[PDB]
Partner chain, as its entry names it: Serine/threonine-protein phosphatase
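Quick setup: one chain, the form solved without the partner chain, written in structure tokens, and binding and motion questions come after.
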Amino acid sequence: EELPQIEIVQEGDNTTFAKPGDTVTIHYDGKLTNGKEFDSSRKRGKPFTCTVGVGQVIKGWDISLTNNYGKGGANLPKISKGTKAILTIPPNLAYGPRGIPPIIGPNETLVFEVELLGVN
């Protein structure tokens, strides 16, 4: 099972964790491995809210924000409310070998700075 790479930059409360079916609100910054930004919540002017664990977003996000749907994984730290983290998402947990040209090319690894602002 391919897992995303998660780096905890600032710990949250360590008690509030999203489960599949929960709604979360996050600040995020999405960049390519070359440093070029392709999307961010700042660009929207509002934090992004979505239901996690249901394929509403890229798998790497679902996996990261639900701790692999509750079953965890090796080197897969949990993201609690208030956690600032860096998510490195391999192509297949993102937009894959096709990608979504010209927004994101084929076989792209995505690097996300995210902060979990709220759960439900």
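Numbering follows the first chain given and starts at 1.
Among other compared entries that model residues flanking residue 89, every one gives it coordinates, keeping it clear of the one-third cutoff. Judged by the one-third criterion across other entries of this protein, residue 76, though modelled here, is missing from at least a third of those that model both its neighbours. When the two stretches 23-31 and 64-72 are set side by side, the higher mean Cα temperature factor goes to 23-31. The mean Cα B-factor in the deposited entry runs higher for 35-43 than for the other of 35-43 and 49-57.
Sorting the modelled residues of the chain by their CA temperature factor places residue 88 in the lowest third. Among the modelled residues of the chain, residue 119 sits in the highest third by CA temperature factor in this PDB entry. Residue 14 sits in the highest third of its chain by CA B factor, as recorded in the PDB entry.
Below: the form deposited with the partner chain bound, not depicted.
Within 4.5 Å of the partner chain in the deposited bound form, a heavy atom is found for none of 9, 81 and 88. Although the partner is absent from this view, residue 97 stays clear of the partner chain in the deposited bound form, with no non-hydrogen atom inside 4.5 angstroms.
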